[PDB]
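Some notes on the structure that comes next.
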Amino acid sequence: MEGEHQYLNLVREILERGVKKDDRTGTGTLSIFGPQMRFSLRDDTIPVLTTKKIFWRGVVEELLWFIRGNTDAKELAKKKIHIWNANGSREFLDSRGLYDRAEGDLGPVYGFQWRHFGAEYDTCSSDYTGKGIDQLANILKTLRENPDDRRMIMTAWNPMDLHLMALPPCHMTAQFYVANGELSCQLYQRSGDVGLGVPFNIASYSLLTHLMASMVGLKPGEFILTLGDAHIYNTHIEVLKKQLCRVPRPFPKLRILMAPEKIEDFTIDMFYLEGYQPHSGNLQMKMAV
Amino acid sequence: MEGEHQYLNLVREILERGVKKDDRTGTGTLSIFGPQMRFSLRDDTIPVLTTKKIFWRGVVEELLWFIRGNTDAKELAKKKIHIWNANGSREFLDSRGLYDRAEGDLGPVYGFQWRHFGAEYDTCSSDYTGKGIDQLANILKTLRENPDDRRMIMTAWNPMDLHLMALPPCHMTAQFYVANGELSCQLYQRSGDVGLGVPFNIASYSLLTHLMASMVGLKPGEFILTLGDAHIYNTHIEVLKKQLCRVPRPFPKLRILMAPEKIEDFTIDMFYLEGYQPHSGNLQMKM
Ligand SMILES: CN(Cc1cnc2nc(N)nc(N)c2n1)c1ccc(C(=O)N[C@@H](CCC(=O)O)C(=O)O)cc1
Ligand SMILES: CN(Cc1cnc2nc(N)nc(N)c2n1)c1ccc(C(=O)N[C@@H](CCC(=O)O)C(=O)O)cc1
Ligand SMILES: O=c1ccn([C@H]2C[C@H](O)[C@@H](COP(=O)(O)O)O2)c(=O)[nH]1
Ligand SMILES: O=c1ccn([C@H]2C[C@H](O)[C@@H](COP(=O)(O)O)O2)c(=O)[nH]1
């Protein structure tokens, strides 16, 4: 009942006890409230699902993009990452009342808040160096100097910047914790697409915990995802029932070849997955409009 | 197990698996990270502990004080609630570099954030009417018009206001959710004194959920407390081991006589605890 079984058990529970709940978009969900998953990062483990192939290059390039404080979707499209193109399109910015916003300029989403909380937003190409509160740098410093501190919070939930964002954050608040020279991270995610998004999010914050651990001379401990509204979309049900038949294989290991002086200078070449052995191909379409 | 056993199990888990940890001040804790408790608010139930008498009048008056957006500790001292006196004292404010702050003025803590997020703070006696984002009012409106919304977040965690606060928030972020016309609340608490503060916090946010439910014509559902650093102070250990020998009695019920048009106009006279039968014993000292 550890590891990937955590995720599979969450899928069953939503399928068996979920509540029907039309939703934001034209399509329905089965939904529960408040479920939690815990993943061991010990022995270099990283919880990348084996019952479904995860787009690992996508996870890495998006996280490095967050860590840099970047908000331009075009930067991800250049590395053939398409996950933010929809929400940064002329149509979608216009539907959000952001008419004077250049295509691919998502506003002060995630990374911007991580590295520049409270800074005035101009455009995604502006220079934000030394502007706002650098929550991530502050946490890294606290992990070196005072690891027992109970206020190591990094949030993207800034009520004043929500109207400027293409989308309000999902993975909204992370807390860090140290015991026995092990770094743990809890993520509060207000809303989780359990089929498509959550497996991505688990890989994202697990990697972040690994990377942050290597920056401050600590071993990785646990990643804990706590969800608000965890839902499966009605379209994903039959696909997920198939995924549940698959026997999980051991989780891959993360190898880190080096850690740079500044966390924002990490590149995909500095680390890789060793032993990632996922199963066959199966799709899950995401719905909006 | 369900109910109060959620709390007693958490205490046991910290005593048996907790990590030793010298903390903020010259004392130790046993600590774990990320534990969760779920409490039913169905059939009018409110999870006020029966294995230890909870200072219910304190819970109610502090929450009504939060809901008003009040930050003056002296308003609570007038109702013989002393829980915020220490942190609003001359000495404590000075130790925090708040030399130009009048005794009892805690800064833009909790409620202020609930009702006035991002508003510029002056003093606790200033008029904040219509200033900053009223997160609580926005949530109440969303529960009437669009209960399926998944952004019903009320937060006290304002990175820019932390330096002006007497203390940074513990109970920092609540989310609300609706399913089968039942209102649920999840609380994220970054740090929890499991012995003294957590029982109080459980009563506080359970009451808020009951009150909010009656404002918008929904029934109460579940209250979920998710902790960051869940810790027992070494000084509380022996007392808590005794509390665990006590067989819990059924939780009391909350009776609400009426609901006013605006939630900040609730008064202690509008509701009461029916059937609260705690055990007699006591103890537990702060720090
Ligand atoms: C983390 N994330 C954000 C995300 C996830 N789920 C969502 N679900 C919904 N309903 N709505 C969203 N806006 C949403 N956003 C993701 C994750 C994966 C993909 C995705 O489309 N994955 C493709 C790869 C996309 C691509 O081709 O670049 C895949 O084949 O796995 C999109 C967004
Ligand atoms: C919820 N809360 C805030 C609280 C709780 N635990 C803390 N623990 C620590 N270490 N530090 C804090 N600032 C703290 N604050 C509480 C709860 C109860 C009492 C308390 O001691 N109760 C007494 C005093 C209340 C009074 O006399 O007015 C009682 O009579 O019930 C204090 C703070
Ligand atoms: O990293 C992300 C971003 C978005 N979503 C999904 C969760 C919801 O199903 C969907 C829509 O978000 P809201 O409706 O909650 O705004 O986005 C995720 O699961 N993960
Ligand atoms: O509602 C509250 C407020 C505070 N605390 C406790 C948690 C910690 O023991 C202490 C706050 O200290 P830090 O977590 O900020 O170090 O107060 C609670 O349990 N509940």
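Labels for the structure tokens follow display order: chains A, B, ..., residues from 1 in each chain, ligands from 1.
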
Query raised in the report: Please, which residues have at least one atom within 9 Å of an atom of ligand 3, using only C-alpha atoms and all ligand atoms, listed as a PyMOL selection string?
Result: (chain A and resi 23-25+29+167-171+189-201+229-233+286-288) or (chain B and resi 149-151)

Could you write those residues out with N, CA and C atoms, as a short mmCIF file (atom, residue, chain, number, x, y, z; two decimals), in the first residue's frame?
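The resulting file, again.cif, is reproduced below:
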data_model
loop_
_atom_site.label_atom_id
_atom_site.label_comp_id
_atom_site.auth_asym_id
_atom_site.auth_seq_id
_atom_site.Cartn_x
_atom_site.Cartn_y
_atom_site.Cartn_z
N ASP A 23 -19.37 20.68 -13.74
CA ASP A 23 -18.21 21.50 -13.42
C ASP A 23 -17.98 22.65 -14.39
N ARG A 24 -17.03 23.49 -14.01
CA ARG A 24 -16.55 24.65 -14.74
C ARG A 24 -16.79 24.53 -16.22
N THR A 25 -16.45 23.36 -16.73
CA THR A 25 -16.41 23.14 -18.15
C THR A 25 -17.53 22.24 -18.54
N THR A 29 -17.66 15.37 -13.54
CA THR A 29 -16.57 14.72 -12.76
C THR A 29 -17.18 13.83 -11.69
N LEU A 167 -4.62 31.54 -15.74
CA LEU A 167 -5.35 30.63 -14.81
C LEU A 167 -4.87 30.86 -13.39
N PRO A 168 -5.78 30.77 -12.39
CA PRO A 168 -5.37 30.81 -10.99
C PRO A 168 -4.67 29.50 -10.66
N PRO A 169 -3.68 29.50 -9.74
CA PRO A 169 -2.86 28.31 -9.48
C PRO A 169 -3.67 27.12 -8.97
N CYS A 170 -3.20 25.90 -9.27
CA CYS A 170 -3.69 24.63 -8.69
C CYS A 170 -2.76 24.15 -7.59
N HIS A 171 -1.51 23.85 -7.95
CA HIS A 171 -0.42 23.57 -7.00
C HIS A 171 -0.05 24.91 -6.38
N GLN A 189 -2.59 21.19 -3.12
CA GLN A 189 -3.21 21.42 -4.44
C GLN A 189 -4.75 21.51 -4.31
N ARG A 190 -5.34 22.68 -4.61
CA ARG A 190 -6.76 22.99 -4.33
C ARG A 190 -7.69 22.16 -5.21
N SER A 191 -7.18 21.71 -6.35
CA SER A 191 -7.94 21.10 -7.46
C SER A 191 -6.99 20.21 -8.27
N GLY A 192 -7.33 18.93 -8.37
CA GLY A 192 -6.50 17.90 -9.02
C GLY A 192 -7.30 17.10 -10.03
N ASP A 193 -6.94 17.22 -11.31
CA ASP A 193 -7.36 16.30 -12.40
C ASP A 193 -6.56 15.02 -12.20
N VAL A 194 -7.14 14.04 -11.51
CA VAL A 194 -6.44 12.82 -11.03
C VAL A 194 -5.95 11.99 -12.23
N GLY A 195 -6.73 11.96 -13.30
CA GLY A 195 -6.35 11.25 -14.53
C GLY A 195 -5.12 11.86 -15.19
N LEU A 196 -5.14 13.15 -15.52
CA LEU A 196 -4.13 13.74 -16.44
C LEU A 196 -3.06 14.55 -15.69
N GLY A 197 -3.47 15.47 -14.81
CA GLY A 197 -2.60 16.46 -14.14
C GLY A 197 -1.82 15.89 -12.96
N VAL A 198 -2.47 15.15 -12.08
CA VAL A 198 -1.90 14.78 -10.75
C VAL A 198 -0.61 13.97 -10.91
N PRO A 199 -0.54 12.99 -11.85
CA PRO A 199 0.69 12.25 -12.09
C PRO A 199 1.87 13.14 -12.50
N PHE A 200 1.56 14.19 -13.25
CA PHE A 200 2.52 15.23 -13.66
C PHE A 200 3.00 16.02 -12.43
N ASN A 201 2.04 16.45 -11.60
CA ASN A 201 2.29 17.28 -10.39
C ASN A 201 3.18 16.51 -9.40
N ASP A 229 -10.18 19.46 -4.13
CA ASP A 229 -11.08 18.74 -4.98
C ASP A 229 -10.32 17.82 -5.90
N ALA A 230 -10.32 16.54 -5.59
CA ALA A 230 -9.70 15.56 -6.43
C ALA A 230 -10.77 14.91 -7.25
N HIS A 231 -10.68 15.03 -8.56
CA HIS A 231 -11.70 14.52 -9.42
C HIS A 231 -11.19 13.83 -10.63
N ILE A 232 -11.94 12.85 -11.08
CA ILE A 232 -11.73 12.21 -12.36
C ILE A 232 -12.79 12.73 -13.29
N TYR A 233 -12.43 13.06 -14.51
CA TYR A 233 -13.39 13.51 -15.48
C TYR A 233 -14.08 12.32 -16.12
N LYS A 286 -7.92 16.16 -22.27
CA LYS A 286 -8.31 17.14 -21.22
C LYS A 286 -9.38 18.04 -21.83
N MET A 287 -10.40 18.49 -21.09
CA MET A 287 -11.50 19.26 -21.73
C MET A 287 -11.58 20.67 -21.13
N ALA A 288 -11.89 21.65 -21.99
CA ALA A 288 -12.17 23.08 -21.68
C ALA A 288 -13.18 23.61 -22.72
N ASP B 149 -17.46 25.47 -7.68
CA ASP B 149 -16.20 26.24 -7.88
C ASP B 149 -15.07 25.62 -7.05
N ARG B 150 -13.89 25.50 -7.64
CA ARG B 150 -12.78 24.88 -6.99
C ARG B 150 -11.67 25.85 -6.66
N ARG B 151 -11.99 27.13 -6.52
CA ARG B 151 -11.05 28.19 -6.08
C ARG B 151 -11.58 28.92 -4.84
#

Report task. Among the residues of segment 23-60 of chain A, find those DSSP assigns to alpha helix (DSSP H) from the backbone and print them as a PyMOL selection string. Result -> chain A and resi 56-60

Report task. Residues of chain B near chain A: apply a cut-off of 8 Å, count only C-alpha atoms, and supply the list as a VMD selection string. Result -> chain B and resid 19 21 to 24 33 to 34 117 to 118 133 148 to 151 158 to 160 175 177 179 to 180 186 188 190 to 191 224 226 228 to 229

Query raised in the report: Could you pull out all residues of segment 62-224 of chain B with a DSSP call of strand (DSSP E or B) and give them as a PyMOL selection string?
Result: chain B and resi 72+105+117+133+153-155+171-179+182-193+219-224

So that I have them on file, write out the residues from the current selection with N, CA, C and O atoms, as a CSV table (one decimal), in the first residue's frame.
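File selection.csv, as written:
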chain,number,residue,atom,x,y,z
B,72,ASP,N,-7.4,43.8,17.5
B,72,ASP,CA,-7.1,44.4,18.8
B,72,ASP,C,-7.3,43.3,19.9
B,72,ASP,O,-8.4,42.9,20.2
B,105,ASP,N,-2.3,45.8,19.8
B,105,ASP,CA,-2.4,46.0,18.4
B,105,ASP,C,-1.5,44.9,17.7
B,105,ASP,O,-0.3,45.1,17.6
B,117,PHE,N,-7.6,41.4,2.7
B,117,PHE,CA,-6.3,41.0,2.1
B,117,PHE,C,-5.8,42.1,1.2
B,117,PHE,O,-6.5,42.5,0.3
B,133,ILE,N,-9.3,42.8,-0.3
B,133,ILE,CA,-10.1,41.7,-0.8
B,133,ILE,C,-10.8,41.1,0.3
B,133,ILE,O,-10.1,40.5,1.2
B,153,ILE,N,-10.9,29.6,-1.7
B,153,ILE,CA,-9.7,29.7,-0.9
B,153,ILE,C,-9.8,30.9,0.0
B,153,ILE,O,-10.0,32.0,-0.6
B,154,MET,N,-9.6,30.8,1.3
B,154,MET,CA,-9.5,32.0,2.2
B,154,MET,C,-8.1,31.8,2.9
B,154,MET,O,-7.9,30.7,3.4
B,155,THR,N,-7.2,32.7,2.7
B,155,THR,CA,-5.8,32.6,3.2
B,155,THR,C,-5.5,33.7,4.1
B,155,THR,O,-5.9,34.9,3.8
B,171,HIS,N,-2.8,28.6,11.3
B,171,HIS,CA,-4.0,28.2,10.5
B,171,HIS,C,-4.0,29.2,9.4
B,171,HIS,O,-4.5,30.3,9.6
B,172,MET,N,-3.5,28.8,8.3
B,172,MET,CA,-3.0,29.8,7.3
B,172,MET,C,-3.9,29.8,6.0
B,172,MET,O,-4.0,30.8,5.4
B,173,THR,N,-4.5,28.7,5.7
B,173,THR,CA,-5.3,28.6,4.4
B,173,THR,C,-6.4,27.5,4.6
B,173,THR,O,-6.2,26.4,4.9
B,174,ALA,N,-7.7,28.0,4.2
B,174,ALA,CA,-8.9,27.1,4.2
B,174,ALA,C,-9.4,27.1,2.8
B,174,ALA,O,-9.4,28.1,2.1
B,175,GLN,N,-9.9,25.9,2.4
B,175,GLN,CA,-10.6,25.7,1.1
B,175,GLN,C,-12.0,25.2,1.5
B,175,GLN,O,-12.1,24.4,2.4
B,176,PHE,N,-13.0,25.7,0.7
B,176,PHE,CA,-14.4,25.2,0.9
B,176,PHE,C,-14.8,24.4,-0.3
B,176,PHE,O,-14.3,24.7,-1.4
B,177,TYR,N,-15.7,23.5,-0.1
B,177,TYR,CA,-16.2,22.5,-1.1
B,177,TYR,C,-17.6,22.1,-0.8
B,177,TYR,O,-18.1,22.1,0.3
B,178,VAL,N,-18.4,21.7,-1.9
B,178,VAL,CA,-19.8,21.4,-1.8
B,178,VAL,C,-20.1,20.1,-2.6
B,178,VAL,O,-19.6,20.0,-3.8
B,179,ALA,N,-20.9,19.2,-2.0
B,179,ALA,CA,-21.3,18.0,-2.7
B,179,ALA,C,-22.5,17.5,-1.9
B,179,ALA,O,-22.4,17.4,-0.7
B,182,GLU,N,-24.0,19.6,1.0
B,182,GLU,CA,-23.2,19.6,2.3
B,182,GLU,C,-21.9,20.5,2.1
B,182,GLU,O,-21.3,20.4,1.0
B,183,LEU,N,-21.6,21.4,3.0
B,183,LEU,CA,-20.4,22.2,3.0
B,183,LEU,C,-19.3,21.6,3.8
B,183,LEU,O,-19.5,21.3,5.0
B,184,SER,N,-18.2,21.4,3.1
B,184,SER,CA,-16.9,20.9,3.8
B,184,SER,C,-15.8,22.0,3.7
B,184,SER,O,-15.8,22.9,2.8
B,185,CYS,N,-15.0,22.0,4.7
B,185,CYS,CA,-13.8,22.9,4.9
B,185,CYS,C,-12.6,22.1,5.1
B,185,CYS,O,-12.6,21.2,6.0
B,186,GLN,N,-11.5,22.3,4.3
B,186,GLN,CA,-10.2,21.8,4.6
B,186,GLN,C,-9.3,23.0,5.1
B,186,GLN,O,-9.3,24.0,4.4
B,187,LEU,N,-8.6,22.8,6.2
B,187,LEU,CA,-7.7,23.8,6.8
B,187,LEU,C,-6.3,23.2,6.6
B,187,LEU,O,-6.0,22.1,7.1
B,188,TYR,N,-5.4,24.0,6.0
B,188,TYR,CA,-3.9,23.8,6.0
B,188,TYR,C,-3.4,24.6,7.2
B,188,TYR,O,-3.5,25.9,7.2
B,189,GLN,N,-2.8,23.9,8.2
B,189,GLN,CA,-2.1,24.5,9.4
B,189,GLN,C,-0.6,24.0,9.3
B,189,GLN,O,-0.3,22.8,9.4
B,190,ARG,N,0.3,25.0,9.0
B,190,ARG,CA,1.7,24.8,8.8
B,190,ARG,C,2.4,24.3,10.0
B,190,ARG,O,3.5,23.6,9.9
B,191,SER,N,1.9,24.6,11.2
B,191,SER,CA,2.5,24.3,12.5
B,191,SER,C,1.4,24.1,13.5
B,191,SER,O,0.5,24.9,13.6
B,192,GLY,N,1.4,23.0,14.3
B,192,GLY,CA,0.4,22.6,15.3
B,192,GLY,C,1.0,22.1,16.6
B,192,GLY,O,1.6,21.0,16.6
B,193,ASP,N,0.7,22.8,17.7
B,193,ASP,CA,0.8,22.3,19.0
B,193,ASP,C,-0.3,21.4,19.3
B,193,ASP,O,-1.5,21.9,19.6
B,219,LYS,N,-26.1,22.3,4.4
B,219,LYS,CA,-25.9,21.5,5.6
B,219,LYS,C,-24.4,21.4,5.8
B,219,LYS,O,-23.6,21.4,4.8
B,220,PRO,N,-23.9,21.2,7.1
B,220,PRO,CA,-22.5,21.0,7.3
B,220,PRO,C,-22.1,19.6,6.9
B,220,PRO,O,-22.9,18.7,7.0
B,221,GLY,N,-20.9,19.4,6.4
B,221,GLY,CA,-20.4,18.1,5.8
B,221,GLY,C,-19.2,17.6,6.7
B,221,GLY,O,-19.4,17.0,7.8
B,222,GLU,N,-18.0,17.8,6.2
B,222,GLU,CA,-16.7,17.4,6.9
B,222,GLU,C,-15.8,18.6,7.2
B,222,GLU,O,-15.8,19.5,6.3
B,223,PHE,N,-15.2,18.6,8.3
B,223,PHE,CA,-14.0,19.4,8.6
B,223,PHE,C,-12.7,18.6,8.5
B,223,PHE,O,-12.7,17.6,9.2
B,224,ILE,N,-11.8,19.0,7.7
B,224,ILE,CA,-10.5,18.3,7.5
B,224,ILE,C,-9.3,19.2,7.9
B,224,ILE,O,-9.2,20.3,7.3

Step by step, measure atom-to-atom distances between ligand 2 and each residue using only C-alpha atoms and all ligand atoms, keep those at most 7 Å, then write them as a PDB file with N, CA and C atoms, in the first residue's frame.
ATOM      1  N   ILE B  54     -12.660  21.787  26.648  1.00  0.00           N
ATOM      2  CA  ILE B  54     -12.199  22.868  25.734  1.00  0.00           C
ATOM      3  C   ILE B  54     -12.878  24.157  26.192  1.00  0.00           C
ATOM      4  N   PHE B  55     -12.144  25.256  26.165  1.00  0.00           N
ATOM      5  CA  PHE B  55     -12.658  26.582  26.565  1.00  0.00           C
ATOM      6  C   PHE B  55     -13.530  27.141  25.446  1.00  0.00           C
ATOM      7  N   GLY B  58     -14.021  30.868  24.669  1.00  0.00           N
ATOM      8  CA  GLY B  58     -12.809  31.354  23.981  1.00  0.00           C
ATOM      9  C   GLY B  58     -12.855  31.084  22.485  1.00  0.00           C
ATOM     10  N   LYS B  80     -12.931  38.861  28.897  1.00  0.00           N
ATOM     11  CA  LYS B  80     -12.152  37.962  29.797  1.00  0.00           C
ATOM     12  C   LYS B  80     -11.619  36.762  29.008  1.00  0.00           C
ATOM     13  N   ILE B  81     -11.294  36.984  27.720  1.00  0.00           N
ATOM     14  CA  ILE B  81     -10.488  36.071  26.848  1.00  0.00           C
ATOM     15  C   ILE B  81      -9.050  36.586  26.842  1.00  0.00           C
ATOM     16  N   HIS B  82      -8.112  35.780  27.341  1.00  0.00           N
ATOM     17  CA  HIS B  82      -6.715  36.211  27.638  1.00  0.00           C
ATOM     18  C   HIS B  82      -5.733  35.590  26.632  1.00  0.00           C
ATOM     19  N   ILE B  83      -6.205  34.905  25.586  1.00  0.00           N
ATOM     20  CA  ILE B  83      -5.334  34.008  24.759  1.00  0.00           C
ATOM     21  C   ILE B  83      -4.370  34.824  23.900  1.00  0.00           C
ATOM     22  N   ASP B 193       0.721  22.804  17.653  1.00  0.00           N
ATOM     23  CA  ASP B 193       0.844  22.307  19.045  1.00  0.00           C
ATOM     24  C   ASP B 193      -0.340  21.373  19.310  1.00  0.00           C
ATOM     25  N   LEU B 196      -2.032  21.550  23.008  1.00  0.00           N
ATOM     26  CA  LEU B 196      -2.782  22.738  23.475  1.00  0.00           C
ATOM     27  C   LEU B 196      -3.633  23.369  22.362  1.00  0.00           C
ATOM     28  N   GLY B 197      -3.063  23.662  21.189  1.00  0.00           N
ATOM     29  CA  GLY B 197      -3.669  24.572  20.195  1.00  0.00           C
ATOM     30  C   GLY B 197      -4.592  23.868  19.216  1.00  0.00           C
ATOM     31  N   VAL B 198      -4.225  22.671  18.750  1.00  0.00           N
ATOM     32  CA  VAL B 198      -4.954  21.891  17.698  1.00  0.00           C
ATOM     33  C   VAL B 198      -6.398  21.586  18.113  1.00  0.00           C
ATOM     34  N   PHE B 200      -8.352  23.322  20.056  1.00  0.00           N
ATOM     35  CA  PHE B 200      -8.941  24.676  19.907  1.00  0.00           C
ATOM     36  C   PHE B 200      -9.227  24.984  18.429  1.00  0.00           C
ATOM     37  N   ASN B 201      -8.242  24.744  17.556  1.00  0.00           N
ATOM     38  CA  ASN B 201      -8.304  25.035  16.102  1.00  0.00           C
ATOM     39  C   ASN B 201      -9.407  24.198  15.463  1.00  0.00           C
ATOM     40  N   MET B 285       0.530  23.507  29.719  1.00  0.00           N
ATOM     41  CA  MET B 285       1.008  24.899  29.785  1.00  0.00           C
ATOM     42  C   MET B 285       1.775  25.377  28.561  1.00  0.00           C
ATOM     43  N   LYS B 286       1.493  26.588  28.111  1.00  0.00           N
ATOM     44  CA  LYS B 286       2.051  27.064  26.862  1.00  0.00           C
ATOM     45  C   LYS B 286       3.518  27.401  26.883  1.00  0.00           C
ATOM     46  N   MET B 287       4.179  27.039  25.781  1.00  0.00           N
ATOM     47  CA  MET B 287       5.522  27.462  25.374  1.00  0.00           C
ATOM     48  C   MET B 287       6.214  26.327  24.685  1.00  0.00           C
TER      49      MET B 287
END

Requested in this report: Rank nothing, just name the residue among B:69, B:195, B:260, B:250 nearest to ligand 4, using only C-alpha atoms and all ligand atoms.
Outcome: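 When distances to ligand 4 are compared using only C-alpha atoms and all ligand atoms, the smallest one comes from B:195.
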
Query raised in the report: Which residue out of B:110, B:266, B:251, B:276 has the minimum interatomic distance to residue 165 of chain B when only C-alpha atoms are used?
Result: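 Answer, going by the shortest atom-to-atom distance: B:110.
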
Report task. Using atom CA of residue 131 of chain B and atom CA of residue 97 of chain B as the two end points, give the distance in Å to one decimal. Result -> 25.7 Å

Query - Which residue of A:172, A:93, A:106, A:98 approaches residue 76 of chain A most closely, using only C-alpha atoms - result: A:106

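Between atom CA of residue 59 of chain A and atom CA of residue 211 of chain A the separation is 13.2 Å.
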
Report task. Give me the residues within 12 Å of residue 9 of chain A as a ChimeraX atom specification, counting only C-alpha atoms and dropping any in the same chain fewer than 5 places off. Result -> /A:1-4,14-17,35-37,194,240-241,243-245

Report task. Tell me, in Å to one decimal, how far atom CA of residue 141 of chain B is from atom CA of residue 216 of chain B. Result -> 8.2 Å

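Among the candidates A:263, A:289, A:49, A:183, the residue lying nearest to residue 247 of chain A is A:49 (atoms considered: only C-alpha atoms).
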
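Of the listed residues B:45, B:235, B:135, B:25, the one whose atoms come nearest to ligand 4 is B:25, with distances taken using only C-alpha atoms and all ligand atoms.
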